Amino acid sequence: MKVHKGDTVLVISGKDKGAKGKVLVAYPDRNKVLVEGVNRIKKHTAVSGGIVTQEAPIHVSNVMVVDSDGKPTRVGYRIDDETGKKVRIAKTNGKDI
Amino acid sequence: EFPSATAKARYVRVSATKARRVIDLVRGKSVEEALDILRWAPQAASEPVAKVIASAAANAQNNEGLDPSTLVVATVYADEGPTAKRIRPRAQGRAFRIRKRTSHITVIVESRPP
Amino acid sequence: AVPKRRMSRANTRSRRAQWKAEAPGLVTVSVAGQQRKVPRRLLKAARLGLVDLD
Amino acid sequence: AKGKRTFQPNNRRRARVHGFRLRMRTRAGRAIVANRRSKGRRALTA
RNA sequence: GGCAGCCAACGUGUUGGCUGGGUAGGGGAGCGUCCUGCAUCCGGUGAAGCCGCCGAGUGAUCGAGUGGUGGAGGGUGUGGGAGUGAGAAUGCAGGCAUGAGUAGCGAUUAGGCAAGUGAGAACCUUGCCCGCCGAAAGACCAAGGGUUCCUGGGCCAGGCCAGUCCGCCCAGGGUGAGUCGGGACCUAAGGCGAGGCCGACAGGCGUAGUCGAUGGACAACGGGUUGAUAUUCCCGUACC
RNA sequence: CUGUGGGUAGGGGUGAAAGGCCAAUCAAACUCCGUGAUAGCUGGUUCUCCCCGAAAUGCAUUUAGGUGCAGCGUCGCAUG
RNA sequence: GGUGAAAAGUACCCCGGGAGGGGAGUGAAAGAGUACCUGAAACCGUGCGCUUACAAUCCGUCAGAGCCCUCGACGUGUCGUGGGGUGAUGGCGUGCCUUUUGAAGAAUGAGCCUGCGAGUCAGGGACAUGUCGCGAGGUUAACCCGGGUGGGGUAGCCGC
Ligand SMILES: [Mg+2]
Ligand SMILES: [Mg+2]
Ligand SMILES: [Mg+2]
Ligand SMILES: [Mg+2]
Ligand SMILES: [Mg+2]
Ligand SMILES: [Mg+2]
Ligand SMILES: [Mg+2]
Ligand SMILES: [Mg+2]
Ligand SMILES: [Mg+2]
Ligand SMILES: [Mg+2]
Ligand SMILES: [Mg+2]
Ligand SMILES: [Mg+2]
Ligand SMILES: [Mg+2]
Ligand SMILES: [Mg+2]
Ligand SMILES: [Mg+2]
Ligand SMILES: [Mg+2]
Ligand SMILES: [Mg+2]
Ligand SMILES: [Mg+2]
Ligand SMILES: [Mg+2]
Ligand SMILES: [Mg+2]
Ligand SMILES: [Mg+2]
Ligand SMILES: [Mg+2]
Ligand SMILES: [Mg+2]
Ligand SMILES: [Mg+2]
Ligand SMILES: [Mg+2]
Ligand SMILES: [Mg+2]
Ligand SMILES: [Mg+2]
Ligand SMILES: [Mg+2]
Ligand SMILES: [Mg+2]
Ligand SMILES: [Mg+2]
Ligand SMILES: [Mg+2]
Ligand SMILES: [Mg+2]
Ligand SMILES: [Mg+2]
Ligand SMILES: [Mg+2]
Ligand SMILES: [Mg+2]
Ligand SMILES: [Mg+2]
Ligand SMILES: [Mg+2]
Ligand SMILES: [Mg+2]
Ligand SMILES: [Mg+2]
Ligand SMILES: [Mg+2]
Ligand SMILES: [Mg+2]
Ligand SMILES: [Mg+2]
Ligand SMILES: [Mg+2]
Ligand SMILES: [Mg+2]
Ligand SMILES: [Mg+2]
Ligand SMILES: [Mg+2]
Ligand SMILES: [Mg+2]
Ligand SMILES: [Mg+2]
Ligand SMILES: [Mg+2]
Ligand SMILES: [Mg+2]
Ligand SMILES: [Mg+2]
Ligand SMILES: [Mg+2]
Ligand SMILES: [Mg+2]
Ligand SMILES: [Mg+2]
Ligand SMILES: [Mg+2]
Ligand SMILES: [Mg+2]
Ligand SMILES: [Mg+2]
Ligand SMILES: [Mg+2]
Ligand SMILES: [Mg+2]
Ligand SMILES: [Mg+2]
Ligand SMILES: [Mg+2]
Ligand SMILES: [Mg+2]
Ligand SMILES: [Mg+2]
Ligand SMILES: [Mg+2]
Ligand SMILES: [Mg+2]
Ligand SMILES: [Mg+2]
Ligand SMILES: [Mg+2]
Ligand SMILES: [Mg+2]
Ligand SMILES: [Mg+2]
Ligand SMILES: [Mg+2]
Ligand SMILES: [Mg+2]
């Protein structure tokens, strides 16, 4: 889905626009990711009694991965014929991320 | 104007016109007088409306924090609600319609001066 | 017989008006040192504790 | 005071008058079964 | 004083003269709806729809005048195309009135009180009475039904009222056979029917057969036990 | 009289015969199809304004409450 | 069929047996609360304004007293090129549609609202009339080549 778990992503649209984060879980069939620190919600838990605050998914379009020098990018693919692999490269600087 | 508290009871299984027939007894009265009148009035629709009145009083108890004894039932009415339709079979293969009607009782009480 | 015409709102509301209730006439009684209101019909029965003042 | 209605249930007789085997043995019955299958009935026959 | 139709005059937009009830019907010119080519404009600083205010036009109607509600698309010009206009079809669908808080609440037995439960009890539980059936309104089955049976829970819909109850809702449980009733035994009316004969074809009958109980043959009885099964389980004694 | 099982099917069945009955239907059952049957008959047919504006007679008619042609309306052209 | 961008689907408190609500929170909005976009009419209430219990009313229209609201002016309550609401009272006044010589008709149809429901389409058809192209000529049909609406196609057809 070009954006995975565990890689830093800059949220590119929406209210939290301009925030770095890390994707904690990817929902490929909904085109959505859950990245910590952004798109927080305030949910009522019926009881440990109180009101909770966690994150909610953002559309994967709303976020762009971050480079090796901290610049957001679109990601392309290169072929590593040495192992038949298909590696993710950054379209901006040409190296992996 | 006077400070006011509201209470609504919706989808009560009582015909609106049968709720109004005891609502018309207690409109514009002190809450305690209305509750007494409903408690000794021999129509079943008193059970919902009484509760609604009491509920409104409690709101002024606990959300406006105003004096119990100054409350007057300023506005009270009964709106129609959804109707369920049933069939009663009749003579010679006829089938007549039956309406199970409901109501929404609304009360606003005010804390008027003595 | 069967109604010849649909009946008008004035005439409908004229005898829907008679279908009303009257409020019972209440009097005061003292039970357990505190005052309650009861019909004068039930006055005695409240005075010797046979009506349940909620 | 006769009050006997027309439908008197009987599982065996309903089978032997409307069942699958009787619809199949003839030709109009196979036509009926194929027609009901094409229409989409969940129950082709008694 | 305003409009319009026909005609005339100068002349090229005026003026003047005549005329302007109307069904069937003929002709002419238009209003509003939607979809579209092309052109322009408006719109989250709030489009459409709806509700108003204040107005406008000779009519259908109008409001790039305004507010409220609303939340994403619209206006206008010039052409193109219509599933283009409803008040009547004992019209179709849905929602809702009138009668009207009216009739009815489904036999010919009939209930009462005390106590309990519970937020709430004429209707539920318990006791004591009273009454009705008793060739049944009791007991057991077939056909038919299908889980309605038992236990625990429930009380929104159903129950012609209420319901704490229920043949209603929910979950779990429950149906034990050598002998009972069937098949594995037998055939009747009949059904189908290898080959078969008949018939343009489709098919009709039918032999041998093979099914088909409402009938024939064939070995188990009494007691106890579960909340729910009982010649089935167990106990005692049998039979094939 | 009755239970269980079975047989007869639509111009056909069955009838101690009433045109009775054949699934609450029978002087020819029901379903689907031909099919949107056909009705000189009844009903309905939706916005506006401008100008003009009838007939209910003659003739023929398996005709008489239908239709054809004439008469009588409107629009276009010709004549004046 | 339609909550919202996202369940963030109302923690906790209060009245109530529950159902339902009132605070508090969520949300851009809860005139979005899983009875959920917009939320019309019929139908049903509640509040206020005017009127109505000696009066024969197709329920209107024209004239109209009184009351109530509003816009101006002068001023301080009374006029004005006024505007609304309601209406005591007086004159006139026989629903709509179908179908009929003729119906308010005691002839038909219609309880009410909202949505729906009836002259359309095909064809080198026929006749007439507009409009356009070419014109003693006019035009192609099948077909063929064009990702198109373009170009070829003389067989026929109509006029002569
Ligand atoms: Mg994006
Ligand atoms: Mg009461
Ligand atoms: Mg019946
Ligand atoms: Mg009925
Ligand atoms: Mg009889
Ligand atoms: Mg003139
Ligand atoms: Mg005229
Ligand atoms: Mg005139
Ligand atoms: Mg428009
Ligand atoms: Mg256009
Ligand atoms: Mg724009
Ligand atoms: Mg906004
Ligand atoms: Mg549109
Ligand atoms: Mg606004
Ligand atoms: Mg608007
Ligand atoms: Mg057009
Ligand atoms: Mg239409
Ligand atoms: Mg309509
Ligand atoms: Mg209608
Ligand atoms: Mg209807
Ligand atoms: Mg009613
Ligand atoms: Mg009556
Ligand atoms: Mg009576
Ligand atoms: Mg009665
Ligand atoms: Mg009964
Ligand atoms: Mg008791
Ligand atoms: Mg007896
Ligand atoms: Mg006896
Ligand atoms: Mg019995
Ligand atoms: Mg039971
Ligand atoms: Mg219940
Ligand atoms: Mg009930
Ligand atoms: Mg129970
Ligand atoms: Mg039970
Ligand atoms: Mg044995
Ligand atoms: Mg045989
Ligand atoms: Mg053979
Ligand atoms: Mg045979
Ligand atoms: Mg056998
Ligand atoms: Mg037997
Ligand atoms: Mg038992
Ligand atoms: Mg035993
Ligand atoms: Mg016999
Ligand atoms: Mg049989
Ligand atoms: Mg016969
Ligand atoms: Mg039938
Ligand atoms: Mg019959
Ligand atoms: Mg026949
Ligand atoms: Mg016939
Ligand atoms: Mg035909
Ligand atoms: Mg026809
Ligand atoms: Mg004229
Ligand atoms: Mg003629
Ligand atoms: Mg002519
Ligand atoms: Mg907030
Ligand atoms: Mg909004
Ligand atoms: Mg709703
Ligand atoms: Mg809504
Ligand atoms: Mg008077
Ligand atoms: Mg008179
Ligand atoms: Mg008058
Ligand atoms: Mg008059
Ligand atoms: Mg007639
Ligand atoms: Mg007539
Ligand atoms: Mg006549
Ligand atoms: Mg009439
Ligand atoms: Mg009349
Ligand atoms: Mg007639
Ligand atoms: Mg009628
Ligand atoms: Mg329709
Ligand atoms: Mg054509």
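Criteria and cut-off values
For each chain, numbering restarts from 1 and follows the sequence as written, which can differ from how the entry numbers it; residues lacking coordinates are not listed. Think of it this way: whatever chain is written first is A, whatever ligand is written first is 1, and the rest follow in order. Taken from a larger assembly, the chains shown here are the sole basis for all values reported. Here the side-chain values reflect all heavy atoms present in the structure, with hydrogen atoms and water set aside. The criterion for an aromatic pair is that two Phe, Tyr or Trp rings (for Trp, the six-membered ring) have centres within 6.5 Å, with stacked assigned to planes under 30 degrees apart, edge-to-face to planes over 60 apart and tilted to the rest. Should the NZ of a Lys or the CZ of an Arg lie within 6 Å of a ring centre and within 35 degrees of the ring normal, that charge is described as sitting over the ring. Axis definition: a line fitted to C-alpha atoms, limited for helices to the stretch in contact. Angles are taken between N-to-C directions and run from 0 to 180 degrees. Only runs of H or I of at least four residues qualify as helices and only runs of E of at least two qualify as strands under DSSP, and these elements are numbered from the N terminus. Orientation categories follow fixed angle ranges, with anything under 35 degrees roughly parallel, anything over 145 roughly antiparallel, 65 to 115 roughly perpendicular, and all other angles oblique. Take the far helix as your reference; a near helix turned counterclockwise from it by less than a right angle gives a left-handed crossing, and one turned clockwise gives a right-handed crossing. The contact criterion used throughout is that any non-hydrogen atoms of two residues lie within 4.5 Å. Any residue outside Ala, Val, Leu, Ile, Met, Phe, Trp, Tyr, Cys, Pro, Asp, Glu, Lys and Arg is labelled polar, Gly included; the first ten of those are nonpolar and the last four are charged. Any two strands are treated as partners once DSSP identifies two or more bridges connecting them. Relative accessible area decides the class of each residue, using a 1.4 Å probe on protein chains only: under 20% of the type maximum gives buried, over 50% gives exposed, and in between gives partly exposed. Any residue with a heavy atom lying within 4 Å of a molecule or strand is counted as near it. Polar contacts here mean pairs of N or O atoms no more than 3.5 Å apart (in protein, one a potential hydrogen donor and the other a potential acceptor; neighbouring residues in sequence count only if both atoms are side-chain atoms).

Method of structure determination, per the deposited record: cryo-EM was used for this entry, reaching 3.05 Å resolution.

Q: What am I meant to see in the packing of aromatic side chains here?
A: Given two aromatic rings, one states the distance between the centres and the angle between the planes to describe the pair. One pass over the structure, following the stated rule, counts zero aromatic pairs over all chains. The cationic tip of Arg30(A) hangs over the ring face of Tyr27(A); the distance from NZ or CZ to the ring centre is 4.4 Å. The residue whose ring lies beneath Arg39(B) is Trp40(B), and the NZ or CZ to ring-centre distance is 4.2 Å.

Q: Which parts of the structure should I look at to understand the packing of helix α2 (residues 31–40) of chain B against helix α3 (residues 46–62) of chain B?
A: The description of two helices packed together rests on the angle between their axes and the distance between the axes. Residues and elements named next belong to chain B. At their nearest, the axes of α2 and α3 sit 10 Å apart, and the two run at 160 degrees to each other. It follows that α2 is roughly antiparallel to α3 by the angle criterion. For the element pair α2 and α3, the recorded crossing hand is left-handed. Seen from α2, the contacting residues are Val31, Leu35 and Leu38; seen from α3, they are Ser46, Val49, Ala50, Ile53, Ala54 and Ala57. Counted by class, the contact of α2 with α3 contains eight nonpolar, one polar and no charged residues.

Q: Looking at this structure, I do not really get the sheet that holds strand β8 (residues 72–73) of chain A. What am I missing?
A: One key point about sheets: their strands pair by backbone hydrogen bonds, in either a parallel or an antiparallel sense. Residue and element names in this part refer to chain A. Spatial ordering of the open sheet is given by β6-β3-β2-β1-β7-β8, a layout of six strands whose pairing is antiparallel. Edge positions in the open sheet fall to β6 (58–59) and β8, since each of these has one partner strand only. Pairing of strand β3 (residues 32–35) with β6, which is carried by two bridges, proceeds in the antiparallel orientation. For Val33, the partnering residue across the bridge sits in β6 and is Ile58.

Q: Is there a simple way to explain the environment of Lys91(A) in this structure?
A: Residues and elements named next belong to chain A. Structurally, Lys91 can be placed in the segment after β10 (85–90). Residue class for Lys91 comes out partly exposed when judged on its relative accessible area of 44%. In sequence terms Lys91 and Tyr77 are 14 residues apart; their C-alpha atoms lie 8.8 Å from each other. Other than its neighbours up to four places away in sequence, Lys91 contacts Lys2, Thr73, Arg74, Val75 and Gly76.

Q: Would you take a moment to explain unusual backbone geometry for this structure?
A: Trans is the common state for peptide bonds, and a negative phi is the common state for residues other than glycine. The phi torsion at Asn39(A) lies on the positive side, around 55 degrees, for a residue other than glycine. In this structure, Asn39(A) sits in the loop between β3 and β4 (40–45). The backbone of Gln92(B) sits at a positive phi, close to 60 degrees, despite the residue not being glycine. Inspection of the secondary structure puts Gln92(B) in the loop between β3 (84–89) and β4 (95–100).

Q: Honestly, the protein's contact with RNA strand F in this entry has me stumped. Any pointers?
A: All names here are of chain D. As a matter of local geometry, RNA strand F sits amid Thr6, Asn10, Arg13 and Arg16. Those atoms of RNA strand F that come within 4 Å of the protein belong to sugar or phosphate at a rate of 75%. Take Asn10: an N or O atom from its side chain is 3.0 Å from a phosphate oxygen of RNA strand F. A distance of 2.4 Å separates a phosphate oxygen of RNA strand F from a polar side-chain atom of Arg13. Within the surface near RNA strand F, the residues separate by chemical class into no nonpolar, two polar and two charged.

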